[PDB]
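Each reported figure results from applying straightforward, stated rules to the coordinates on display, with no laboratory input. Neighbour counts are summed over all protein chains in view; Cβ atoms, including those assigned to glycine, are modelled from backbone coordinates with ideal geometry.
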Amino acid sequence: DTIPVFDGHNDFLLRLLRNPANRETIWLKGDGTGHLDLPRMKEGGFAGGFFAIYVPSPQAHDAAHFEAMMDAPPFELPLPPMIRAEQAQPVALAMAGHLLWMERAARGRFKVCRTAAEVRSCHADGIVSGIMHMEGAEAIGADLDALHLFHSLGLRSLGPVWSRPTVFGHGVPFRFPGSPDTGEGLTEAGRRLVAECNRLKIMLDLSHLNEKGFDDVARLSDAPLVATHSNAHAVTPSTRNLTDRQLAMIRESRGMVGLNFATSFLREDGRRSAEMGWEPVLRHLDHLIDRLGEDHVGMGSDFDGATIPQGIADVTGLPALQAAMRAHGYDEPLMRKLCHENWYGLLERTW
Ligand SMILES: C[C@H](N)P(=O)(O)C[C@H](C)C(=O)O
Ligand SMILES: [Zn+2]
Ligand SMILES: [Zn+2]
């Protein structure tokens, strides 16, 4: 009785970036590490999701010193320097190239989808779906020319920033505890980026964007507001989470929030440790569902991007998560909404 899950955010492509020579095994067989691969997706009931193209900084997000800091709050991680298009583009092309390769290699068992109809068809057919997503828009120059290029080759979702400055605006540093109001809003280029994404029907992702940038998108975007992998600030006051005020704005826009499985954003203590139970997961889900409404919450795992609860552990833990959700009292129609229907509706409202 596992309900298929369509997911808001994963960083599986980073694993292919880091070991391209072994990609056939990593994707088609698994290599015994990480959260995702094709066989485990099938075992865990992963229907598909957003596959993030994210350009790492020289001190990557999982550098030892950062992990150690996040283990013992309070903490504040420094923002990395801006990466410009000339440097970001080859990396983004590499990751986009791996995503297309995944589809070639899987011989029809995985499909990069460009429309909501394709996603729904994949769901019905049991074919794993993928949405090409860019987490941080460094590969897009301020001129926006590359936005059209990436769109042409399948890009359908874009977060203007990661937790790092871009020509478009500013992301939050990783900090606990702290407000998401950590810096300046969108630049003029960022405002143009919002307008152009609206015109091209590219979904904008607010995860990582600071509060001023969030307010700018809320004011400027003609489309529902979406945070693909962010939780409730009122429960866990991480800079990465959403305040009730932000949630209310997302609700008004008929938007969507994906629950991030990152330990740091779920635990009330904001620690990185996987040693936790189901309570914090359900605490965030209840809070999100209560304020956003049952139609505006889903999963945003952050599989392969963060440490997640021991009870989930990897994609094969989705059934255990569903069991906890059911035990907590979520009925079947709500379960279907949270697992995939809400994302599919959001895609239709956006695209
Ligand atoms: C580094 C990854 N791409 P991430 O998806 O940015 C994981 C992180 C904990 C977050 O999402 O804030
Ligand atoms: Zn990511
Ligand atoms: Zn992220």
Cβ density ranking, 10 Å radius, fewest first, applied to 186, 38 yields 38, 186
Using only helices, what value at 222 nm comes out for the chain when you add -39,500 (n - 2.57) per DSSP H run of length 4 or more and divide by the total residues, to the nearest 500 deg cm²/dmol?
-11500 deg cm²/dmol
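Taking the mean number of other Cβ atoms within 10 Å as a proxy for protection, how do you rank 117-129, 136-148 from highest to lowest?
Working: 117-129: 16.5, 136-148: 20.4.
Final packing ranking: 136-148, 117-129.
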When 168, 66, 176 are ordered from fewest to most other Cβ atoms inside 10 Å of their Cβ, what list results?
66, 176, 168
How big is the Cα convex hull of region 105-239 in projection, averaged over all directions, in nm²?
9.3 nm²
Once the dipole of region 1-156 is set up with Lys and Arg at +1 and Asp and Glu at -1 on Cβ about the Cα centre, which of 19, 119, 150 lies farthest towards its positive end?
119
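Which length gain, in nm to one decimal place, applies between residue 201 and residue 104 when the Cα-Cα distance is subtracted from 0.36 nm times their residue separation? Spell out each step's value before the answer.
Numbers: separation 97, 0.36 × 97 = 34.92 nm, distance 2.59 nm.
Taking 0.36 nm per residue and subtracting the Cα distance, the gain is 32.3 nm.
Using Cα pairs under 8 angstrom and six or more residues apart, how large is the relative contact order of the chain, in percent? The partial results should precede the final answer.
Details: 766 pairs, mean separation 70.3, N = 351.
Reported relative contact order: 20 percent.
Restricting to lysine pairs 8 or more places apart or on different chains, what number in the chain have Cα atoms under 29 Å apart? List each step's numbers first, then the result.
On the way: 29/42; 29/111; 42/111; 42/337; 111/201; 111/337; 201/212; 201/337.
Number of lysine pairs found: 8.
Could you compute how fast the chain diffuses translationally, taking Rh as the Kirkwood radius over C-alpha pairs and applying Stokes-Einstein at 37 °C with viscosity 0.692 mPa s? Give it in µm² per second.
Calculated translational D: 166 µm²/s.
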For region 35-165: relative contact order, % (alpha-carbon pairs under 8 angstrom, 6 or more apart):
32 percent
